[PDB]
Participant: 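Below are the structure tokens for one structure; questions will follow.
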Amino acid sequence: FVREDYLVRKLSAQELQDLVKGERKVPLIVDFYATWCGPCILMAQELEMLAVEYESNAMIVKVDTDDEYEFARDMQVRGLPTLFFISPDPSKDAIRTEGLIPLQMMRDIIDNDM
Amino acid sequence: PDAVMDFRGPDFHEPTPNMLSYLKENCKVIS
Amino acid sequence: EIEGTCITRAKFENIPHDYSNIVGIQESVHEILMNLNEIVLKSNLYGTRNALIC
Amino acid sequence: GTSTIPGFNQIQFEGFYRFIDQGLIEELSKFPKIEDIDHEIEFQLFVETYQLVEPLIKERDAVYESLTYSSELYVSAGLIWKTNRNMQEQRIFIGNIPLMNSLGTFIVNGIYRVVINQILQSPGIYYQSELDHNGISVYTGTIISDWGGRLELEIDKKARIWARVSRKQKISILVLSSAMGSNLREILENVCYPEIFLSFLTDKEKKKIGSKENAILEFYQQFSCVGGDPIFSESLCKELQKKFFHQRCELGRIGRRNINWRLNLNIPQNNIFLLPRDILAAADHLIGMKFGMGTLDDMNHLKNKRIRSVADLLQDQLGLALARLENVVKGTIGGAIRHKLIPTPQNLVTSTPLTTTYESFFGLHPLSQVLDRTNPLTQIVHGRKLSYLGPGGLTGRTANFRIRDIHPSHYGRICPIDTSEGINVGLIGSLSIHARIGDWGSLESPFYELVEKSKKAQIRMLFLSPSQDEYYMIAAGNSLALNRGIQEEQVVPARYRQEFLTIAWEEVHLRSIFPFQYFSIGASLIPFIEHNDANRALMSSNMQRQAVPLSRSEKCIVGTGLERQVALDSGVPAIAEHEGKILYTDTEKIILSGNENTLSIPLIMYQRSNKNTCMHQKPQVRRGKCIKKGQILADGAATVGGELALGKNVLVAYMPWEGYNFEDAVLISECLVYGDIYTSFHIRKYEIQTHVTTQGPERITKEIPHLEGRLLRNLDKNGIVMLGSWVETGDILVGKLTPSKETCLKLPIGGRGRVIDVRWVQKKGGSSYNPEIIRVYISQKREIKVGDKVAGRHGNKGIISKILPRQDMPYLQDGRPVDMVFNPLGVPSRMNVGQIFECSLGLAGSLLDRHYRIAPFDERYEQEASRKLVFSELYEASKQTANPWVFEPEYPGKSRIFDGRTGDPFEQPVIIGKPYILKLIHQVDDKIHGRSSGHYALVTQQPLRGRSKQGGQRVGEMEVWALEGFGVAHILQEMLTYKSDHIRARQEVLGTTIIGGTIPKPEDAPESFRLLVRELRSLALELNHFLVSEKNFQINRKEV
RNA sequence: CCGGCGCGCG
């Protein structure tokens, strides 16, 4: 009866591995964040807005670096906030963006690169 | 001066649920 | 001491009162009257001229 | 509320939810399994089967047609016919439970209602000592139960302990202790002074103590003061148990908690009854404290209080509701048994007990009040009030003078500024912004904990109850201080044991860090409040509650940042309940669609409040905009962009102007009038009811005899005023005939306006005739006028006394005339400097296109923090806009202005700016009253009372004294005989004045004196007035 | 056209 306040789902390293391995129709956007990081609040709000914009045409997930620190280091994460844009086509290569990038930049990446 | 207040910002509480919908969500009032 | 020309009275036809709406018009009667009050006119003559919006 | 300001209605929201979860079950229990005297028929409820179903009427429909928003209760019952040994279980109907709105208000009969919180003494043991006539100290310990039962333990002159129950009923401890069975042997061993108790043992008391029953009978004799020897019986104990044990011996969960603490007892929590050891343990401290052992209990301490929310008030009425149902069933089961019938369980229970006791709780209970809907600020602050009044609470005359004062336990829980004005001062409180109601009825405020190195401390924000508030060293200063030592040895002001200290940081436990911690909503909307005297802060809070929503609203240039919180928690704006996209917007609705769920949100258009203030909503989003759940969709009345907007930003000067701002008068410009800056919509409601008389029911028709067509020109065929007609004073609204005398509904004096809503509605009932109700709503556009009241947010109020053309107002060095002129003499006496700060910064913000939201007490960063903020922003506006008059290095904030009548500058520079000024409800057109003559009272025959009743003005005794001081004996007689109640002389005065032929003396007694004589006759007393002639000494009896 | 209760203004 009561809608949830947040659309971005938090996943583990294993769940993210399973999601990437499996067949994907829409672009997958992976967010690396930590609750102690100040810039991650604004990124969280921006990604909530982005998830609202892309209802079923994109998948927005977040990974906490305090729970998957080694997984984040393996994925070549050098700081926070860090975003990974994973295309549904396995042949193509993912895009890593570092910093508080604009929402329009995320829209451009999703539209013209995934 | 033309700013619209963002009620999902860090300085706001969580959105207040509908009282009837909150009662029904917790399975306290039947349809 | 400087005089100006303004709209002073507008007549509608299918309105119960100036605090109602019209179907298909985004602005209510009150907003229409407020917009009409802001029209700047120019004239060198006196008298109660009438205009038309149709 | 650990990291954000909590919802202002969260206490109401959480209390009601607690009632639904645990209040219903805890009260649906205790419902006796009803059995007849013969035990043949047993009726019982299955409380685990209880249910609530969503209301059938929508919340908008409940208020629209004057209904009550409530939900059905559908518990199941089992009736046992042992005659047939067959069980029948059905879903019976118990009643309707009112439902609280998300805003925290109920709806009964279409009226919004709010249940306010109550403060009363917490249960437990309290130690007090009062001096006698000779100054001898007399100590006292008092037991307070869960229902206010006070058991007073007192030490007399002869050291004899008496368990006082009433002002006369006095009972010794030994009789009371042996009443329950405490043998005289063990009473001595458990106290440190066995000798004291043994010294008061007369030979008469010992025999009664020796046996358990003789103590009970003697206890009954002393408690009841009834002559004779009572007989011991089971009914006697039950009669005593209800009167004494039921009201004076059940502590409750809270009462046990305090007794375990104050008397230092290791008793299990589940024991909710006053154990006999507590009484004997209390006597130990009572006698022991007389010898310097311990401290007295502080009765005004908040740790000795409890707060009763809507959860406690709704649950208690359910205790009355179900107890009222059992008496209904008992009569019903007895009635059906005498007919030897088998009644279905549904017919044994009617819905009247629950429905009526809740219908009459909101109607009659003082703690249930009509929601004030003047503006969004009044809707939320009404629900956060704390009152000592109400049932179980002290009255204004009853209230002690040490109460109404500020106690150190109030800090962070009760606002020290907000209180009611008048006889109820200090008795109606208000919750703080961050205050929370705990699980023991205690108020809690959050404090930040400072701990050592070796401690996890996952969350350092802990809510502190007043009981544990004293024993923490709480600091309010900052750590921006360093000398050649280290930071931990720097000293800061702190609170400890209800006093203020100055200790080092290393000795501080908690910090108060929230900016709005100690204030209510009203005081938290005052910018630069730290520069205003606290006396004007109370006045400023009240005035903001009287602000009228304007036909057009705008945000304040200078604020505190709490305006956005007020707008969100008031429900006036539209808040999305689902994320998605905006697809359609107009005046009547907003359409939002998200995740295959398309919703339609209607918008309120020119609706009426209980205070005759207009409600209106306008969209705040455009088509194609993505929305999060909980974000704003539209703006309501007195709300712009999601902020509270109660006023306007106007150009203002502070100077005297020819006496038209004398005392507190305000001089304004015509621009505020023809610009519609302070124009507000006001809607009145006029109701007429159709009743069935002996001669027949009232009829409504356009055809009314003895009336002109001009008066009835706005009526339709049915006899009701047409929708969208300009009515006038004396015009007709509803034409009604009573068999037939004219009993129509006419427009009162000054009510001219435009009819906007008509509601011809029938209330369906069980009679052959249904009561018809007609509601006429009339809008009135009120521009600002002479006599209207305006005020700022700093306690600066004033009446408009003069309106000038723009060419007559003083004007600035940019040529712009000002809009208001305020008297500068009102600042030094009222001591509100914060208005000077706000006007200068409001001017700077308007030139820089900036708004400012400043938290209070900004001088915690640095000295003169508000001065640096205002002066630097004034200079920035001066430099960017090339307006050197905006900031003057010679006299910052002040500038030379020119007289609009002469063009010559005023000699001294004037402080000018753009403050935020509100328009208040107190205005003319609602206060001007006149009377020539008319209707008089039925008994006293004096003119009526009240402007609405066309009544007259009262000349009281103090006004009679003044007339006697002047010696005007003929002015006084006019106001005593033929302008008030001399029936014969009132009719002659009406005649002579129309012909101008001299008024003679009344010479007879007025109807007030003749009324007194008859009343004295009713006491067998005769009062005669005699006149003795000075000519022939003949005694003449005056007719009275 | 009568009284109580609650809320306010000066």
Side-chain angles (χ1 to χ4, degrees), chain D residues 105-106 108 111-118 313 360-375 377-379 381-399 418-425 427-430 522 535-536 538-548 609-613 663-665 743 787-791 795 797-799 830 918-929 931 933-954 956 958-959 980-981 983 1007-1008 1011 1015:
Chain D
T105 65
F106 304 92
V108 287
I111 284 185
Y112 293 94
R113 286 269 170 172
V114 186
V115 179
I116 79 171
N117 323 98
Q118 188 183 26
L313 298 197
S360 182
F361 167 72
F362 295 108
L364 278 308
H365 201 270
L367 297 184
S368 179
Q369 302 177 0
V370 197
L371 172 61
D372 200 324
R373 316 188 74 195
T374 304
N375 47 77
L377 176 59
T378 47
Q379 300 191 24
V381 300
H382 198 173
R384 303 175 55 89
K385 290 194 305 177
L386 300 161
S387 62
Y388 290 87
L389 317 180
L394 42 87
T395 328
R397 192 59 48 85
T398 292
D418 198 71
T419 187
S420 57
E421 294 182 347
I423 184 179
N424 288 331
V425 58
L427 305 179
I428 315 294
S430 193
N535 297 90
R536 288 285 146 165
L538 171 63
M539 303 178 54
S540 174
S541 305
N542 302 340
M543 301 181 206
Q544 281 195 83
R545 290 164 46 186
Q546 306 168 3
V548 187
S609 65
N610 70 324
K611 300 298 182 180
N612 304 328
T613 53
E663 299 289 349
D664 276 1
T743 53
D788 285 6
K789 198 173 184 179
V790 289
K797 56 181 173 188
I799 300 290
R830 278 57 186 257
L918 322 168
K919 180 185 173 183
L920 307 188
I921 54 179
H922 306 289
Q923 58 204 6
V924 280
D925 320 324
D926 295 326
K927 301 180 184 299
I928 168 179
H929 180 44
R931 156 149 186 164
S933 57
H935 315 286
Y936 309 95
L938 182 52
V939 177
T940 56
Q941 281 297 306
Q942 296 186 186
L944 299 171
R945 179 188 187 183
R947 185 174 108 95
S948 56
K949 291 174 174 55
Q950 316 157 21
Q953 307 297 318
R954 168 175 175 85
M958 304 186 71
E959 291 75 9
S980 184
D981 43 355
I983 291 183
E1007 293 297 329
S1008 298
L1011 160 65
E1015 301 184 34

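In what follows, every heavy atom counts, from backbone to side chain, and hydrogens, waters and symmetry copies are set aside. In what follows, chains are A, B, ... by sequence order, proteins preceding strands, each numbered from 1.
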Participant: With sequence neighbours left out, what residues match D/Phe361 under ring-ring contact (aromatic ring centres under 6.0 Å, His included)?
Facilitator: D/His365

Participant: Heavy atoms within less than 4.0 Å of RNA chain E: which residues of residues 361-375 of chain D have one? Give them sorted by number.
Facilitator: D/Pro366, D/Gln369

Participant: Write down the distance between CG (D/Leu920) and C1' (E/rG8), rounded to a whole number of angstrom.
Facilitator: 13 Å

Participant: With sequence neighbours left out, write down each residue that passes salt bridge (charged side-chain N to carboxylate O under 4.0 Å, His left out) with D/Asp926, or none if nothing qualifies.
Facilitator: D/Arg684, D/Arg782

Participant: Quick one: label D/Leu938 by what it contacts on the DNA or RNA (base, sugar-phosphate, nothing), any heavy atom closer than 4.0 Å.
Facilitator: sugar-phosphate

Participant: Could you say whether D/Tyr936 or D/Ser387 is positioned toward the 5' end of RNA chain E, judged by the nucleotide with the nearest heavy atom to each?
Facilitator: D/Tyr936

Participant: Rounded to whole Å, how long is the line connecting atom CG of D/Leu386 with atom P of E/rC7?
Facilitator: 13 Å

Participant: Does D/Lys797 make a side-chain N or O approach to OP1 or OP2 of E/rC9 shorter than 4.0 Å?
Facilitator: no

Participant: Does D/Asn610 use its side chain to pair, donor to acceptor, with the backbone of D/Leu371 at less than 3.5 Å?
Facilitator: yes

Participant: Taking ring-ring contact (aromatic ring centres under 6.0 Å, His included) as the definition, give me every residue that meets it alongside D/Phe362, ordered by chain and number, with sequence neighbours left out.
Facilitator: D/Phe106

Participant: With a cut-off of less than 4.0 Å, is there a side-chain N or O of D/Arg545 near OP1 or OP2 of E/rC7?
Facilitator: no

Participant: Tell me, please, which residues at least two apart from D/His922 pass ring-ring contact (aromatic ring centres under 6.0 Å, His included).
Facilitator: none

Participant: Nearest whole Å is fine: how far is E/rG8 P from D/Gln544 CD?
Facilitator: 16 Å

Participant: Quick one: D/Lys611 NZ to E/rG8 P, roughly how many Å, whole number?
Facilitator: 9 Å

Participant: Using the side chain to side chain contact (heavy atoms under 4.5 Å, CB included) rule, take D/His935 and D/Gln950 through it: C-alpha gap first, then chi angles, then the decisive distance, then the call.
Facilitator: CA-CA 8 Å; D/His935 315 286; D/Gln950 316 157 21; 4.0 Å; yes

Participant: I need the CD1-P distance between D/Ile423 and E/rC9, as an integer number of Å.
Facilitator: 15 Å

Participant: D/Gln546 side chain N/O closer than 4.0 Å to the phosphate oxygens (OP1, OP2) of E/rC9?
Facilitator: yes

Participant: Does OP1 or OP2 of E/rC7 have a side-chain N or O of D/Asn424 closer than 4.0 Å?
Facilitator: yes

Participant: Please compare D/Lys385 and D/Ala937 by the position of their nearest nucleotide in RNA chain E and report the one closer to 5'.
Facilitator: D/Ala937

Participant: What pairs with D/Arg830 under salt bridge (charged side-chain N to carboxylate O under 4.0 Å, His left out), at least two apart in sequence or on another chain?
Facilitator: D/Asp664

Participant: Name the nucleic acid region contacted by D/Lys789, choosing base, sugar-phosphate or nothing; use a 4.0 angstrom heavy-atom cut-off, strictly under.
Facilitator: sugar-phosphate

Participant: May I have the distance from D/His929 (atom NE2) to E/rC9 (atom P), rounded to whole angstrom?
Facilitator: 22 Å

Participant: Looking at the side chain of D/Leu389, which of E/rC2, E/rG8, E/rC7 is the nearest nucleotide?
Facilitator: E/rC7

Participant: Which nucleotide in the list E/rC7, E/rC1, E/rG10 gets nearest to the side chain of D/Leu944?
Facilitator: E/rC1

